[PDB]
Every structure is written in C-alpha cells, then in structure tokens.
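*Asks:* Can you keep this structure in mind? I'll have questions shortly.
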Amino acid sequence: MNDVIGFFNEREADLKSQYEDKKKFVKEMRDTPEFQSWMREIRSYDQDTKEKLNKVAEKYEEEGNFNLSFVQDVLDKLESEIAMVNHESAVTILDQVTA
Amino acid sequence: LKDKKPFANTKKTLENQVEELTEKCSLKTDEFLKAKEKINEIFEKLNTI
Amino acid sequence: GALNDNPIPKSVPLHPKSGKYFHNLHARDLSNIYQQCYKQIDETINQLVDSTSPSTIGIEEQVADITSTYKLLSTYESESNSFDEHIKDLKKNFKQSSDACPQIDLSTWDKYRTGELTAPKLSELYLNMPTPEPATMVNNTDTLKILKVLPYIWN
C-alpha cells in the first residue's frame, strides 16, 4: 500500500500538472486578447452591416472560404487590380464637351 | 484522490493489524517460554532424584 | 460480489520488504529443548535403576507412565519437526506462487483488492499448510528402549 499510494501520488501529480496547465491555457483563452479584439470588431458593426457580414460568414463557411487565407487573397487580388490600374475633372469636362 | 483517502485509512488499518499480530506473536512466545520454564523446572526436579 | 472499497486486498504477493520478514518466518528450533528432555529422561532411567529396590516390585507403572510421557514428548518434537518442514515447503510454494503473481502497484492494488488479481496469502496458505504431524518421532534414543522394556526387566 505504501508503494501504491506513492504511485498514485506520482500519477496524480502528473495529472494535476497537465490539468492546471490546460486550465491556465483556457483562462488565457478566456478571454484571449485576440478573442476580445475579434469580438469587439464583430460587435462594432451596425445592424445591417453585421447582418450582411454574418450572411457572408455563412456563405464563406459553407464554401470554407471564411479563413485568413481566402480573405487575404481576395484583399491582395483587389489591391493588385486597383493599385496597378490607377484611377470631377472627367465629369465636368464631359459636360463641357456635351454642351 | 477520493480513492487515496480510503487508501490512507486502510493503510493505517494494515499497520494496526501488523502491530496487533506482532503483539500476539510475542504473547504466544511468552506462553511457550513459560512452558519451557516449567519443563526446565521438571528437569531440575529430576536431578534431585 | 462485494468488491473491496476497502483498498486492502484480500491477498497480495510477497512484497520484498516483507520478503525479508518472510525469511524470518520459521518455527523455532525446539530440538535443543527435546535433547535436554531426553538427557533428563536418561538420567531418570539411570537413577531409577540406582534407587529402586530390586526386592520391591511396582515400577512397571512408573516405567509405563514415563514411556507414554516420552512417546508423547517425542510426538511433540516430531510435530514441531513436521511443522518446520511444512513451514519450509509452504514458504517455498508461497514464494513461487506470489512471484508468479504480479507485484503490487496502484493498478495491481485495485486488481488485487477487487479480486481481479489473486495471490497466495500466507495466512490462508498457513491455514492450508499441512497440520504438524509426527515426523520421525524421536524414539531412537535409549530412553524409549528402556521405557519400553523396563517393566519386564523389573519383573
């Protein structure tokens, strides 16, 4: 029984170490600063904006698109199409032309 | 750990069993030694003969 | 079955710490006491010859009673001898069976306490140990020869 109690104490020291470490990890995750920032951004949208973003969230996650990879790739694609294709003078000169 | 609590309790029980059985062995040894003493007294009586 | 919520197992194999304790487990050598007895009885025989008046009869009952006494004493010695032999054989068998049984850890603690693992129990085996019998009754001393023949020699 002496040996048995020693072994039990060792095994439960290991289990307590693991459980405490992961409980601390969860406490870090509850609430993680990234988690808090993402929640703040999510709740920062207005009514219609948050509704539309939630609908697009459903769309992307149905496609699996809702990830940093796809979102960032779309960002970079639009950035490449905008910066390379450099964009009242036109409208006013057109009006002068027409008159 | 809840299990370990009964482990400690019945470990104390085991130690008590050890102590009691050792004491019983000692007492039976004492009684047997007293029987031996009686046998030695009878030895001495025989020499008187 | 009522499992052991009492973690003390019903039976456990030989723990080495008590393996040492088990080495000290033995019947005490009482043969010295028996030799003292046998010497005293031989002296009793010699003095019984020395004192008893050859003209007086009535020693047959003395010799018969001491004959029965010495047979009883030799029987006791033999019982102790067979007890020691049974202790030796029991110890050998218990060690072999216990070592054949898994040693004790927390897992085997639960198995042994719940009856999943069963090992020889020296208390149980000692109960199952053969009862001390007269093993080589010490009758070969000159003591029983005279205690047997002396009634007739007195006649």
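Neighbour counts are summed over all protein chains in view; Cβ atoms, including those assigned to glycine, are modelled from backbone coordinates with ideal geometry. All of the numbers you see were taken from the coordinates with simple rules; none came from a lab.
*Asks:* Given the options C:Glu43, C:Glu116, C:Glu79, C:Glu61, name the one that is part of a loop (DSSP other than H, G, I, E, B) and not hydroxyl-bearing (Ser, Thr, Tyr).
*Replies:* Checking each option against the conditions leaves just C:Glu116.
*Asks:* Show the residue pairs that are 6+ apart or on different chains and have beta-carbon atoms under 8 Å apart, the first residue being within segment C:59-79 and within 12 Å of C:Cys37 (Cα to Cα), the second being of a type in the set (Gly, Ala, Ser) and assigned to a helix (DSSP H, G or I).
*Replies:* Once the first residue is within 12 Å of C:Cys37 (Cα to Cα) and sits in segment C:59-79, its partners that are of a type in the set (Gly, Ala, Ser) and assigned to a helix (DSSP H, G or I) give C:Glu77/C:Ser31.
*Asks:* Here's something else I'd like to know. Among the residues of segment A:1-29, write down those that are under 30 Å from C:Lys17 (Cβ atoms) and touching a helix residue (DSSP H, G or I) at 6+ places or on another chain (Cβ under 8 Å).
*Replies:* Passing the criteria: A:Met1, A:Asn2, A:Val4, A:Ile5, A:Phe7, A:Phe8, A:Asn9, A:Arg11, A:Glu12.
*Asks:* If we keep just the residues of chain B that are out of contact with any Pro (no Cβ under 6 Å at 6 or more places or on another chain) and β-branched (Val, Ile, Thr), which is farthest from C:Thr69 (Cα to Cα)?
*Replies:* Among those that are out of contact with any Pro (no Cβ under 6 Å at 6 or more places or on another chain) and β-branched (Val, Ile, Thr), it is B:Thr13.
*Asks:* Name the single residue, out of those in segment C:139-155 being exposed (fewer than 15 other Cβ atoms within 10 Å of the Cβ) and under 27 Å from the mean Cα position of the chain (by Cα), that is farthest from C:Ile41 (Cα to Cα).
*Replies:* The qualifying residue farthest from C:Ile41 (Cα to Cα) is C:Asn140.
*Asks:* In this structure, is C:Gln35 within 12 Å of chain B (Cβ to nearest Cβ), in a helix (DSSP H, G or I) and surrounded by 15 or more Cβ atoms within 10 Å (Cβ to Cβ)?
*Replies:* So C:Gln35 does not fit the description; no.
*Asks:* Okay, next question. Can you list residue pairs whose Cβ atoms sit under 8 Å apart, with the first residue in segment C:85-109 being away from chain A (no Cβ under 14 Å) and the second being surrounded by fewer than 14 Cβ atoms within 10 Å (Cβ to Cβ) and part of a helix (DSSP H, G or I)? Count only pairs 6 or more apart in sequence or on different chains.
*Replies:* Pairs found: C:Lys95/C:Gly19.
*Asks:* Given the conditions (1) hydrophobic (A, V, I, L, M, F, W, C); (2) over 25 Å from the mean Cα position of the chain (by Cα); (3) surrounded by 18 or more Cβ atoms within 10 Å (Cβ to Cβ); (4) in a loop (DSSP other than H, G, I, E, B), report the number of the one that C:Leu14 does not fulfil.
*Replies:* The number of the failed condition is (2).
*Asks:* Considering each residue of segment C:107-136, count those that are surrounded by 17 or more Cβ atoms within 10 Å (Cβ to Cβ) and more than 24 Å from C:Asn93 (Cα to Cα), and give that number.
*Replies:* The number of residues fulfilling the criteria is 1.
*Asks:* Which numbered condition trips up C:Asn4, out of (1) surrounded by fewer than 18 Cβ atoms within 10 Å (Cβ to Cβ); (2) closer than 26 Å to C:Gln96 by Cβ; (3) more than 10 Å from chain B (Cβ to nearest Cβ)?
*Replies:* Only one criterion is unmet by C:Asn4, namely (3).
*Asks:* Before we move on, is C:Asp5 in contact with a helix residue (DSSP H, G or I) (Cβ under 8 Å, 6 or more places away or on another chain), in a loop (DSSP other than H, G, I, E, B) and not aliphatic (A, V, I, L, M)?
*Replies:* For C:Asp5, the condition - in contact with a helix residue (DSSP H, G or I) (Cβ under 8 Å, 6 or more places away or on another chain), in a loop (DSSP other than H, G, I, E, B) and not aliphatic (A, V, I, L, M) - is met.
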